[PDB]
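Below is one structure; the comments refer to it alone.
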Amino acid sequence: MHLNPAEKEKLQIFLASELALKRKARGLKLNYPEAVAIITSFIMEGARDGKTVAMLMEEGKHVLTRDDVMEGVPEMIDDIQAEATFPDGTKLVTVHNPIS
Amino acid sequence: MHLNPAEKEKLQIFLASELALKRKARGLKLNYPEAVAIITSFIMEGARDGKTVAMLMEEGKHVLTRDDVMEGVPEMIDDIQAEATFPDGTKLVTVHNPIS
Amino acid sequence: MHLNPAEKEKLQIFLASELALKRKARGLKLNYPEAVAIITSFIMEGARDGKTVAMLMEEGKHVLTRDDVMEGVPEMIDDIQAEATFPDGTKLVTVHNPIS
Amino acid sequence: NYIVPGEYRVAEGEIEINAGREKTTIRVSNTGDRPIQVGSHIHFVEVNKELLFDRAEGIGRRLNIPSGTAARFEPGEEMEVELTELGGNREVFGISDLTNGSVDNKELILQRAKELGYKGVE
Amino acid sequence: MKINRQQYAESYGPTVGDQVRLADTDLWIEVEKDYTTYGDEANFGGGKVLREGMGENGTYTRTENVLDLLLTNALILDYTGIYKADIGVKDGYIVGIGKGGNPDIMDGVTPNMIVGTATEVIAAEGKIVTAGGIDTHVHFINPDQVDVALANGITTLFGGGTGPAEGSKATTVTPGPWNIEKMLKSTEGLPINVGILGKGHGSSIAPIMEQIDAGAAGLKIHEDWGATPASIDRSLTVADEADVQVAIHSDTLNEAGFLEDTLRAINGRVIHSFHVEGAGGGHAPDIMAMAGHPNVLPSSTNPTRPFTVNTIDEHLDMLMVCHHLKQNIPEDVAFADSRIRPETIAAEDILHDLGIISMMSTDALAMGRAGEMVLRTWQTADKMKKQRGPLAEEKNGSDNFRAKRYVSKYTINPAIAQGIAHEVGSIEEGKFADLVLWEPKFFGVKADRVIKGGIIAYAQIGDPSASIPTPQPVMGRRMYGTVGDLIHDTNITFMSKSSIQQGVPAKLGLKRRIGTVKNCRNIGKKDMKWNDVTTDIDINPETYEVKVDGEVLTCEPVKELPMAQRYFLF
Amino acid sequence: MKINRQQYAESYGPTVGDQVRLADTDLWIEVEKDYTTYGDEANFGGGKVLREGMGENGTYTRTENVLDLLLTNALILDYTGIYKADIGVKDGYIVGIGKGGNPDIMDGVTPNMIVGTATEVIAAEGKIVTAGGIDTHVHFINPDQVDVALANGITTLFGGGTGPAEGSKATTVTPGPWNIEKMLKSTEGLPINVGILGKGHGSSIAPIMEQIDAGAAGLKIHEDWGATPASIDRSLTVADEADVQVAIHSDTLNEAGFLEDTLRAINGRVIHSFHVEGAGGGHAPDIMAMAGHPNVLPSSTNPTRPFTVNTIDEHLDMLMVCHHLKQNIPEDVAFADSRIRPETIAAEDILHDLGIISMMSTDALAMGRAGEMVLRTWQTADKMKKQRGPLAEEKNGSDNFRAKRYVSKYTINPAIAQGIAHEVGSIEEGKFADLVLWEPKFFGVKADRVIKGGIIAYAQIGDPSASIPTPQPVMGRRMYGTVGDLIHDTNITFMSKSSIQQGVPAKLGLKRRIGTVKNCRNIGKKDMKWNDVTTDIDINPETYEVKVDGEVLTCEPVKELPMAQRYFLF
Ligand SMILES: [Ag+]
Ligand SMILES: [Ag+]
Ligand SMILES: [Ag+]
Ligand SMILES: [Ag+]
Ligand code: NI
Ligand code: NI
Ligand code: NI
Ligand code: NI
Ligand SMILES: [O-]
Ligand SMILES: [O-]
């Protein structure tokens with residue numbers, strides 16, 4: 001596979017997102033690291049799909065809403081940042097205030 | 001996400017449990033680390049759901065039965081211990097003799 | 001669970017394979033590390049199922065075809081090697097030219 | 001009582017910056033074709049040569065703006081800014097090398113400024 | 001010109017009279033004073049104030065009043081106060097608390113806090129800064145426990161052990177000269193301060209004393225080695241001579257004496273009482289009465305902290321597992337019931353709130369959680385505010401009094417008890433620069449950055465392959481302070497005066513900073529900051545109810561805690 | 001007997017006139033010459049040629065012309081050429097490039113390239129071998145960044161920082177004697193070459209100079225510390241005396257001068273211009289005109305490399321995040337628009353292609369990607385071939401001219417600029433054996449094996465529990481070169497002559513190889529291999545269009561790059 005250090009690390013994010021989605025599917029309000037994991041993995045899979053940075057800046061704001069998460073979580077997350085390989089190389093996506 | 005060392009480690013348990021459940025779903029009798037992974041992750045997700053220590057001490061004894069696992073596995077597992085964050089903080093759950 | 005170093009590492013392969021299969025399920029042509037992950041995990045789960053080395057040498061050549069992967073990927077993969085615990089202990093499987 | 005983790009409940013009132021120091025309003029013009037942004041704590045007389053203002057009026061002073069903020073001058077832009085007095089020992093070293101000593105040495109600072117073409121020396 | 005208080009606090013962190021919520025608890029701390037000069041705040045960045053000729057002095061060499069490191073705009077939370085200041089560090093020590101910058105052009109700059117060419121900047125505006133935690137009940141069982149401790153803001157580990165040997169798995173003991181020497185060498189690679197306790201057991205002086213000469217920094221009396229009158233007495237005689245602390249886990253079984261017998265063997269000498277509530281070990285059922293005496297420095301371990309609906313079920317079973325108890329041996333059942341007691345665990349919450357138990361600690365990997373000393377201190381303070389209200393001493397709706405009482409339990413008081421407060425345990429000038437930055441939203445839960453001897457050792461930081469360090473995954477990671485030889489300069493091995501005088505560090509090739517244990521024998525309860533209360537604690541032998549001043553101490557267990565499920569992935 | 005060219009290339013790697021595709025780009029390199037004697041190729045394995053009495057000499061002791069290590073059949077890609085040779089290493093240095101084996105029985109063996117009893121063999125047939133990359137814009141923010149760098153073939157990190165302190169998070173600066181000493185000790189544990197830059201700021205000489213004496217290997221002028229005329233001048237005076245390089249990130253805000261003012265303060269002295277395009281920092285909008293001057297050694301950082309459809313959206317937002325810009329402050333919006341410019345980023349692609357920007361570098365963790373210097377160099381070369389065609393200078397359909405121009409940007413030119421090219425930066429005899437093997441399919445994307453001082457430090461290798469090392473999972477891993485004391489012998493700490501003369505390595509107990517920084521003050525643009533072009537660069541203040549020789553430089557952003565989604569898991 002020739003995994004580099006970032007590839008190894010970022011597998012963890014996907015895993016944490018899978019864990020969080022299962023917790024959401026069974027009706028739990030999500031906590032801070034769960035919410036972050038979900039939106040992060042969304043951004044990285046969006047890049048893998050070939051979406052643009054601009055698209056993911058919009059979409060990332062609608063992945064989770066306040067009724068998906070515990071009290072206070074929306075306000076704890078100022079932004080979520082992730083770098084992933086787009087069709088035009090690594091780029092940084094920042095989703096600002098992802099959860100209102 | 002601000003993962004601490006235990007958060008990073010315990011993601012592994014969930015992953016091993018997912019792997020084991022797939023192996024069970026396709027009809028395999030489970031081995032020692034598979035069985036342990038399954039019950040462990042059950043306890044940790046039970047805590048995340050807000051069950052009590054007492055509930056998980058009971059339930060953990062019915063997650064797998066001897067016909068789910070290989071010969072000898074029931075006797076290899078004296079107990080399974082896991083710590084997880086309950087609504088009232090980290091607590092230790094021990095499931096004694098989980099598989100008869 | 002008593003995970004040894006290889007058990008810990010090889011959980012990563014399964015995880016990468018799950019990630020790759022999701023990407024394939026949503027219609028993406030798979031890349032080099034995705035393709036390798038998928039076939040590798042297939043071999044290791046095949047060993048867990050109790051298939052023989054000979055069976056997996058055949059099957060591994062049909063897990064993915066060129067229309068599943070990006071241009072050039074078939075030619076980048078000369079073989080895929082994996083060691084796993086068969087009913088008769090650890091053995092090495094090499095799948096030669098897995099993707100035509 | 002919705003809980004925002006780590007939130008502030010700030011007290012009432014306002015914070016006055018640079019309290020008790022003399023303030024001065026001057027007009028300043030960016031005569032250059034590229035933008036100039038000036039920070040709160042640069043000795044005002046030592047700013048970019050192409051800013052035109054009464055250079056004498058920048059001696060011993062800096063912008064009267066919150067610590068760490070800046071005044072921005074677009075190309076061709078003229079506007080008024082307010083200055084406050086430098087504090088401490090009232091000495092400046094380095095920056096554009098116009099002072100390297102007490103800010104009291106007004107003629108020496110102006111003479112250096114004029115020879116190097118800092119605009120607005122009388 | 002004026003700035004409104006909201007914008008001010010957003011740009012520079014809060015100022016006098018502003019309050020900040022601790023994580024998601026009900027606890028509020030209030031800025032008591034501020035060392036700044038409004039308008040001359042130091043800050044670092046593009047176009048900011050710490051630039052040459054401006055807030056940074058361009059004239060002075062490092063020796064001339066210039067700092068190695070300035071923490072700008074810190075909100076300090078410390079037994080000495082809750083207030084706003086810049087913190088200056090030089091040669092690995094806190095040299096100035098006050099106002100940093102450049103006296104060329106700024107008013108009010110503390111004379112030795114010049115930002116010069118030699119100065120590194122850490123922005124602390126909007127952060128809370130505390131001393132690193134001092135955990136004095138550590139079992140050295142698994143080296144992975146160190147990052148766990150660092151991630152919850154612990155910077156010093158005092159205890160004992162040789163790894164997962166049964167002796168070490170039950171007791172904070174590194175026994176004898178050779179084990180002590182081996183662990184001193186092992187300590188060379190642990191990125192945290194360390195002090196090692198020898199075995200406080202024997203009936204002759206020499207077998208005990210030789211551990212102190214070998215390099216131990218104190219002793220542990222543990223019932224598993226025979227917490228008898230003789231072991232207690234000899235250890236205390238050794239400690240009074242060597243000037244080191246003795247920790248005790250007393251005879252739970254009452255085999256050779258009851259609590260009054262242990263107190264008689266101690267004979268008024270100074271001693272640190274470990275897990276004084278007793279679930280963690282000690283004379284059944286009344287060990288907690290230790291915490292009333294003037295010669296006892298009392299600590300809790302963390303799993304009883306605070307009292308919750310799962311506590312008793314968890315502890316009964318934890319004890320069964322730990323002790324290998326059998327449910328069909330009535331003596332084991334009687335033992336567990338005499339040891340795990342809601343009456344004493346509920347009272348423990350209140351004794352903490354009253355300043356009668358002076359210290360927290362973990363009991364890491366033997367019967368407590370390496371990364372939850374700080375976490376559970378605040379959870380306790382929060383539960384006590386909910387159930388007992390703001391304390392009498394409070395004012396202006398703030399919880400400052402409780403905050404200082406509680407922050408003292410894991411910073412300054414364990415340092416004092418151990419004889420190491422000249423070096424660590426508080427944010428004061430002249431002490432080692434072990435500092436923890438916390439975002440207020442994460443306060444007490446997950447440290448932002450842990451500074452060890454003036455260099456960051458541990459940080460919550462993101463993708464190392466990214467353009468900036470904030471992208472995911474943000475996780476706790478060892479920093480440059482832990483790498484190479486810098487691990488030696490950023491950490492202290494605490495040792496007895498005699499081992500230092502005898503040249504043990506050179507004998508063993510230790511390259512870490514060597515700290516001297518001292519002034520442990522001439523202190524008492526009165527020396528515990530904000531937690532100095534001595535009183536007659538009565539524990540009813542029949543019902544286990546705890547009385548102080550004629551009044552039963554009880555509270556309810558809570559179903560839910562702050563600093564829990566909002567934060568943790570597992 | 002004759003072998004067809006296909007089979008020959010499959011067995012021994014390509015030979016004269018054969019071409020090889022670089023990864024999945026359109027770029028082809030052609031073997032320019034070959035040192036072998038056909039039929040006497042060296043190879044190692046069962047029944048192969050490097051065996052005692054045959055291709056391995058059985059007579060000579062190590063001192064007698066025998067190698068420690070032979071790389072057989074390497075395709076070298078280097079500013080000195082693209083050609084086929086064996087590479088011989090001894091005492092950690094490249095001692096012979098040519099033909100290795102046994103003069104007993106082989107023709108054409110280079111006299112000092114005997115394979116003897118002392119010789120280790122690495123098979124390079126079918127691999128491309130380059131010098132290790134030299135990254136001269138490194139922020140030391142997170143130690144995890146080192147493996148990231150190694151995995152993309154970087155072997156030297158020059159820059160500054162003390163970990164994730166704000167000063168270090170913005171600037172490549174290890175400030176003052178104590179921080180510099182601490183990072184020199186930390187460097188003892190980093191498995192990569194390192195050079196440390198001090199703070200290039202002050203208005204007196206001594207506060208700056210003492211950093212050089214303390215062990216700094218150069219200085220960084222950064223606007224965040226006040227890139228004023230005085231700081232610029234004093235740093236350059238210090239550097240001309242100490243013989244070290246100065247890097248500059250100039251005054252973006254034009255606060256104290258415009259570009260012509262910074263040039264006047266530099267006054268014809270030698271200087272390294274960092275992220276010369278300016279998205280990474282510098283006089284708005286015209287900093288890139290620096291790259292036209294004879295005394296400027298110009299580098300780009302990597303995130304603008306090359307110009308793509310996501311670049312501008314990514315950078316506008318990256319700048320907002322990095323600078324904490326607010327969209328409802330018009331000055332912040334004006335600032336971002338004056339700084340992030342498609343006109344200068346598009347021209348940057350072309351200036352690289354024309355040999356006017358001489359160097360790449362990362363800007364690791366501050367505004368650039370630690371593991372993508374090499375990656376993005378080739379992506380740029382590939383985009384330029386697509387949009388501008390093969391360069392005039394090319395012949396035989398190969399891209400050799402562009403390949404040498406581009407490989408120079410991250411190997412030899414940063415070494416020259418830093419004053420360290422006597423030690424590192426190219427595959428030449430007498431230089432340190434920092435070598436990267438690449439499978440051509442992975443070229444520039446993921447290094448196969450990274451050799452540091454003659455020992456493998458890092459490799460893409462598989463299951464350590466397997467019968468052979470190739471089974472999954474194949475991932476980048478530290479090798480024996482990084483372990484134990486060998487980390488000292490395989491890596492260099494570069495330091496100033498004065499700190500070396502003053503005995504700083506012994507003072508601090510540094511055990512790493514010590515390299516001397518020198519010959520940095522008497523070089524210019526003309527000294528940049530294949531990238532030596534000086535010219536009047538005009539940047540229109542109103543439209544930001546870039547002109548050179550009367551001609552506007554522009555190109556389109558691409559939607560897709562090679563060395564991207566075919567390779568990466570995320
Ligand atoms: Ag026990
Ligand atoms: Ag126990
Ligand atoms: Ag920025
Ligand atoms: Ag930036
Ligand atoms: Ni105990
Ligand atoms: Ni203990
Ligand atoms: Ni820069
Ligand atoms: Ni930089
Ligand atoms: O204990
Ligand atoms: O930069």
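Residue positions begin at 1 at the first shown residue.
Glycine residues also receive a Cβ, built from the backbone N, Cα and C atoms like all the rest.
Record features, source Swiss-Prot:
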| type | residues | note |
| --- | --- | --- |
| DOMAIN | E:132-570 | domain 'Urease' |
| BINDING | E:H137, E:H139, E:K220, E:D363 | Ni(2+) 1 binding site |
| BINDING | E:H139, E:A170, E:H222, E:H249, E:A366 | substrate binding site |
| MOD_RES | E:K220 | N6-carboxylysine |
| BINDING | E:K220, E:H249, E:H275 | Ni(2+) 2 binding site |
| ACT_SITE | E:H323 | active site, proton donor |
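Swiss-Prot feature annotations superimposed on the structure.
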{"residue": "E:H137", "record": "Ni(2+) 1 binding site", "DSSP (3 states)": "strand"}
{"residue": "E:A170", "record": "substrate binding site", "DSSP (3 states)": "helix"}
{"residue": "E:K220", "record": "Ni(2+) 1 binding site", "DSSP (3 states)": "strand"}
{"residue": "E:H249", "record": "substrate binding site", "DSSP (3 states)": "strand"}
{"residue": "E:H275", "record": "Ni(2+) 2 binding site", "DSSP (3 states)": "coil"}
{"residue": "E:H323", "record": "active site, proton donor", "DSSP (3 states)": "helix"}
{"residue": "E:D363", "record": "Ni(2+) 1 binding site", "DSSP (3 states)": "coil"}
(request) Please name which of the recorded positions listed here, E:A170, E:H249, E:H275, E:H323, is nearest in space to E:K220 (Ni(2+) 1 binding site), Cα against Cα. (result) E:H249
(message) Which one is it: of the binding-site residues E:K220, E:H222, which Cβ has the fewest other Cβ atoms within 10 Å in this structure?
(response) E:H222
(request) For the recorded substrate site formed by E:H139, E:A170, E:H222, E:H249, E:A366, name the remaining residues of the chain with Cβ within 8 Å of the site's Cβ center, in chain order. (result) E:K169, E:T171, E:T172, E:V173, E:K220, E:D224, E:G281, E:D363, E:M367
(request) Just name the winner among E:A170, E:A366 (the binding-site residues) by count of other CB atoms within 10 A of its CB. (result) E:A366
(request) Identify, among the recorded positions E:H137, E:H139, E:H249, E:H323, the residue whose Cβ has the fewest other Cβ atoms within 10 Å in this structure. (result) E:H323
(request) Go through the binding-site residues E:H137, E:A170, E:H249, E:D363, E:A366 and pull out the ones with a Cβ less than 6 angstroms from some atom of ligand 3. (result) none
(message) Considering each pair of residues in E:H139, E:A170, E:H222, E:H249, E:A366, all listed as binding substrate, report the largest CA to CA distance in Å, no decimals.
(response) 13
(message) At a 10 Å cut-off from the C-beta of E:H275 (Ni(2+) 2 binding site), count the other C-beta atoms across all protein chains.
(response) 25
(message) If I take the Cα of E:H249 (substrate binding site) as reference, which of the recorded positions E:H137, E:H139, E:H275, E:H323, E:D363 has the closest Cα?
(response) E:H275
(request) Taking Cα atoms as reference points, rank the binding-site residues E:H137, E:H139, E:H275 by distance from E:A366 (substrate binding site) and give the first. (result) E:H139
(message) Cβ within 8 Å of the Ni(2+) 1 site centroid (E:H137, E:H139, E:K220, E:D363 excluded): which residues?
(response) E:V138, E:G159, E:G160, E:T171, E:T172, E:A247, E:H249, E:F274, E:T301, E:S361, E:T362, E:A364, E:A366, E:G368
(request) For E:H275 (Ni(2+) 2 binding site) and E:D363 (Ni(2+) 1 binding site), determine the Cα separation and express it in whole Å. (result) 8
(message) Take the mean position of the Cβ atoms of E:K220, E:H249, E:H275, the recorded Ni(2+) 2 site. Which other residues of that chain put their Cβ within 8 Å of it?
(response) E:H137, E:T171, E:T172, E:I221, E:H222, E:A247, E:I248, E:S250, E:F274, E:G280, E:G281, E:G282, E:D363
(message) Using only C-alpha positions, which one of E:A170, E:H222, E:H323 is spatially nearest E:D363 (Ni(2+) 1 binding site)? These are the recorded positions in the record.
(response) E:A170
(message) Can you give me the Cα-Cα distance between E:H139 (Ni(2+) 1 binding site) and E:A170 (substrate binding site) in Å, rounded to a whole number?
(response) 8
(request) Please list, in sequence order, those binding-site residues from E:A170, E:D363, E:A366 with the Cβ less than 6 Å from ligand 6. (result) E:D363, E:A366
(message) I'd like the number of other C-beta atoms within 10 A of the C-beta of E:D363 (Ni(2+) 1 binding site), please.
(response) 28
(message) Given the recorded positions E:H137, E:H139, E:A170, E:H323, E:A366, return the subset with CB under 6 A from an atom of ligand 5, ordered by sequence, or none if empty.
(response) none
(request) Would you kindly give the Cα-Cα distance separating E:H137 (Ni(2+) 1 binding site) and E:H222 (substrate binding site), rounded to the nearest Å? (result) 12
(request) Can you grab the distance from E:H323 (active site, proton donor) over to E:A170 (substrate binding site)? Cα atoms, rounded to a whole Å. (result) 10
(request) Looking only at C-alpha atoms, tell me how far E:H137 (Ni(2+) 1 binding site) is from E:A170 (substrate binding site), rounded to the nearest Å. (result) 12
(message) Any of the recorded positions E:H139, E:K220, E:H323 with a C-beta atom under 6 A from ligand 1? Give them in order, or none.
(response) E:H323
